[PDB]
Amino acid sequence: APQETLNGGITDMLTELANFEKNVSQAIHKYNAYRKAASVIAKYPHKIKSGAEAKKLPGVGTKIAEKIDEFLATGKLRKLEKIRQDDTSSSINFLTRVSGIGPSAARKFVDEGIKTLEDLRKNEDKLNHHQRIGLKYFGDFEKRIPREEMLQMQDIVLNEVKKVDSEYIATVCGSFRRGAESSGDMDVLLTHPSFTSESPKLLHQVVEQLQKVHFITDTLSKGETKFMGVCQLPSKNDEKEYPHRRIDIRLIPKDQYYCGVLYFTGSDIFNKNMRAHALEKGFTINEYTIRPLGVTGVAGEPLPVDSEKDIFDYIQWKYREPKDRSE
DNA sequence: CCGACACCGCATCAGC
DNA sequence: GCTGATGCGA
DNA sequence: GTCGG
Ligand code: NA
Ligand code: NA
Ligand code: NA
Ligand code: NA
């Protein structure tokens, strides 16, 4: 990835715009347009010299080109400078960094004078359970997880899962499975041969055991199929304790497990390609299944999948390691 | 010109 | 009390 | 905001 000294002023600007669209204007599609513009620029291996040059990249249109022209000539953007000094908008944007506070909650809070973390601390009674946990770990949740801590975390998850029942299958996916040197959270996919698409406490038993050994510390949400919560590695005596971390655990039917693992391994870019390719060979892939497409476009019934490689074999692609699924 | 821009599990609200 | 909608995060 | 039917 080209040094961000290249176009970092431009991509930072676009990302800041993206956030205000999402969190203040509640314009999720403009949020994503700015994100896509910023991504394509961040990978452009030349220092951009004009809006017209940037406009050639897919996802950069007339308006962002105009904004790049103004940034290059003046070193700033009038609209962005203004919105940053706006006390109401900057506060709404900021509050959304608390897990559980979205654009709607943030606007309600700022409306009633609640603008800072200290204001949230004073008003516990107006926070729901999720938002209280997000406040508690506000700083911890914004730190990344070094891969060595993810390995220590994996060790615990895989040990305790097998202890509940040695027939469970658990896989830590996300960028960690692709080999990333750091993670933002831990995404665990779980299955059991007794659970198929046409097969009730399989998830709870695992959560309970991880809570019993004091790895899981808090629960954001928990149902029959998805757990979302908080975990923390055990601290060695005297040594500073580790930050609390976000962990999700999903229970997936066995016949859909490897479609799940393939999907939640990613990357997002590799996933678009593989589904693009799959289409071009007569198959439709989603996170659950791969199905054949007839000539008139009618999807037939899901194909049996017993490994990730089964999916690749169907679409006439050679198996690619997680480490090579960057695109 | 103008619709798409992913889908869904869970917590919680809004309406009956 | 139930049912569907909405907010949130993925 | 951008793309494309
Ligand atoms: Na463009
Ligand atoms: Na938030
Ligand atoms: Na956020
Ligand atoms: Na056993």
Side-chain angles (χ1 to χ4, degrees), chain A residues 10-11 13-41 51 54-68 77 79-80 92 95-109 126-135 137-138 141-142 173-175 183-190 200 202-204 207 218-230 245-253 256 259-260 263-269 271-272 274-276 279 284-289:
Chain A
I10 286 174
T11 66
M13 158 176 82
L14 297 175
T15 293
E16 239 190 299
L17 288 173
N19 292 331
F20 281 106
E21 293 298 346
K22 188 181 63 156
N23 304 324
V24 181
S25 297
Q26 299 182 25
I28 191 61
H29 305 302
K30 294 190 177 179
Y31 163 75
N32 278 312
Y34 282 123
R35 276 217 283 172
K36 171 180 179 190
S39 290
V40 68
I41 292 177
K55 170 103 175 191
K56 297 198 259 207
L57 312 180
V60 175
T62 294
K63 300 290 229 71
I64 283 165
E66 282 178 9
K67 281 178 173 65
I68 284 167
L77 211 71
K79 276 175 188 183
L80 192 51
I92 298 183
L95 288 190
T96 60
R97 292 167 49 186
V98 187
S99 188
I101 295 190
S104 177
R107 175 154 267 99
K108 283 180 50 176
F109 284 136
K126 333 192 93 166
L127 277 46
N128 58 34
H129 179 68
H130 187 142
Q131 294 165 340
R132 290 167 169 158
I133 292 176
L135 174 60
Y137 305 121
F138 180 81
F141 284 177
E142 287 195 334
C173 300
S175 77
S183 295
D185 59 14
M186 169 163 282
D187 195 5
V188 179
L189 280 71
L190 187 74
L202 281 177
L203 186 48
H204 170 89
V207 173
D218 306 84
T219 300
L220 292 166
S221 54
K222 177 160 127 54
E224 305 265 84
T225 289
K226 187 168 183 190
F227 168 86
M228 304 177 65
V230 187
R245 308 295 196 184
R246 280 278 298 108
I247 185 169
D248 298 338
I249 301 163
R250 339 170 186 257
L251 179 70
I252 300 173
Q256 301 176 355
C259 282
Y263 174 77
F264 296 100
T265 300
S267 66
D268 293 311
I269 296 181
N271 273 1
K272 187 209 163 181
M274 193 165 176
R275 315 238 171 124
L279 191 43
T284 177
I285 296 177
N286 51 38
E287 79 174 60
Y288 307 99
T289 64

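Values below: all heavy atoms of this structure, side chains included; hydrogens, waters and symmetry mates excluded. Order of the sequence lines sets the chain letters (A, B, ...), proteins ahead of strands, with each chain counted from 1.
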Checklist entry - So what does A:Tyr263 hit on the nucleic acid, given a heavy-atom distance under 4.0 Å: a base, only sugar-phosphate, or nothing? => result base
Item to check | Min side-chain heavy-atom separation A:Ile41-A:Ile68 under 4.5 Å | outcome: yes
Checklist entry - Any sub-3.5 Å donor-acceptor pair from A:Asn271's side-chain atoms to A:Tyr263's backbone N or O? => result yes
Checklist entry - How many Å lie between CG on A:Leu17 and P on D:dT2, as a whole number? => result 11 Å
Item to check | Rounded distance in Å - NZ (A:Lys108) to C1' (B:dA14) | outcome: 12 Å
Next on the checklist: Let's see if you can work this out: which of B:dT12, D:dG1, C:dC8 has an atom nearest to the side-chain heavy atoms of A:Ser104?
Outcome noted: C:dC8
Checklist entry - Say you pick atom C1' in B:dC7 and the same atom in C:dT6; how far apart are they, in whole Å? => result 16 Å
Next on the checklist: Can you measure A:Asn19 atom CG to C:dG9 atom P for me and round it to whole angstrom units?
Outcome noted: 13 Å
Checklist outcome for this item: Here the pair of heavy atoms bringing A:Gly59 nearest to A:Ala37 is O-CB, 3.6 Å
Item to check | Gap between atoms CZ and P, on A:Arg107 and C:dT6 respectively (whole Å) | outcome: 18 Å
Checklist entry - Looking across every strand, which nucleic acid part, if any, lies under 4.0 Å from A:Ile101 by heavy atom: base, sugar-phosphate, or nothing? => result sugar-phosphate
Checklist entry - Is there a side-chain contact between A:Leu77 and A:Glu16, using heavy atoms and a 4.5 Å cut-off? => result no
Next on the checklist: What is the separation between atom NZ on A:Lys36 and atom P on D:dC3, rounded to the nearest whole Å?
Outcome noted: 6 Å
Next on the checklist: Using atom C1' in both nucleotides, what's the gap between B:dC8 and D:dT2 to the nearest angstrom?
Outcome noted: 26 Å
Next on the checklist: Measure CD1/A:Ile133 against P/B:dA11 and give the value in whole Å, please.
Outcome noted: 11 Å
Checklist entry - Looking at the side chain of A:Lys63, which of C:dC8, D:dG1, C:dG9 is the nearest nucleotide? => result D:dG1
Checklist entry - In whole angstrom, what separates A:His204's NE2 from B:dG9's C1'? => result 18 Å
Checklist entry - Taking the same atom, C1', in B:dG9 and in D:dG1, what whole-Å distance lies between them? => result 30 Å
Item to check | Check: A:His129 side chain, A:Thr219 main-chain N or O, donor-acceptor pair, under 3.5 Å | outcome: yes
Item to check | Sugar-phosphate, base or nothing in reach of A:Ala37, heavy atoms under 4.0 Å | outcome: nothing
Next on the checklist: If we ignore hydrogens and angles and just use 3.5 Å, is the side chain of A:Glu21 paired with the main-chain N or O of A:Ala27 as donor and acceptor?
Outcome noted: no
Item to check | A:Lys30 side-chain N/O to D:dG1 phosphate OP1/OP2 under 4.0 Å | outcome: yes
Checklist outcome for this item: Result for 5'-nearest mapping on DNA chain B, choosing between A:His129 and A:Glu287, is A:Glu287
Item to check | Shortest side-chain distance from A:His29, nucleotide among D:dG1, B:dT12, C:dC8 | outcome: D:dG1
Next on the checklist: Under 4.0 Å, heavy atoms only, any strand: does A:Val98 hit a base, just the sugar-phosphate, or nothing?
Outcome noted: sugar-phosphate
Checklist entry - Quick one: on DNA chain B, does A:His130 or A:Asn32 contact a more 5' nucleotide (nearest heavy atom)? => result A:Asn32
Next on the checklist: More than 12 heavy atoms of other residues, nucleotides or ligands under 6.0 Å from CD1 of A:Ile269: yes or no?
Outcome noted: no
Item to check | Proximity to the side chain of A:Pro103 - top-ranked nucleotide from C:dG9, B:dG9, C:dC8 | outcome: C:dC8
Next on the checklist: Within the 4.0 Å heavy-atom criterion, would you say A:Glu21 contacts the bases, only the backbone, or no part of the nucleic acid?
Outcome noted: nothing
Next on the checklist: As a test of reading the structure: which of D:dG1, B:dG9, C:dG9 is closest to the side chain of A:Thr225, going by heavy atoms?
Outcome noted: B:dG9
Checklist entry - Taking atom P in both C:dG9 and B:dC5, what distance in whole Å separates the two? => result 23 Å
Item to check | Interatomic distance where OH belongs to A:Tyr31 and P belongs to B:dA6 [whole Å] | outcome: 12 Å
Checklist entry - Counting only side-chain N and O atoms of A:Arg246, is one of them less than 4.0 Å from OP1 or OP2 of C:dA10? => result yes
Checklist entry - D:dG1, B:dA11, B:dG9: which one has an atom nearest the side-chain heavy atoms of A:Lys226? => result B:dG9
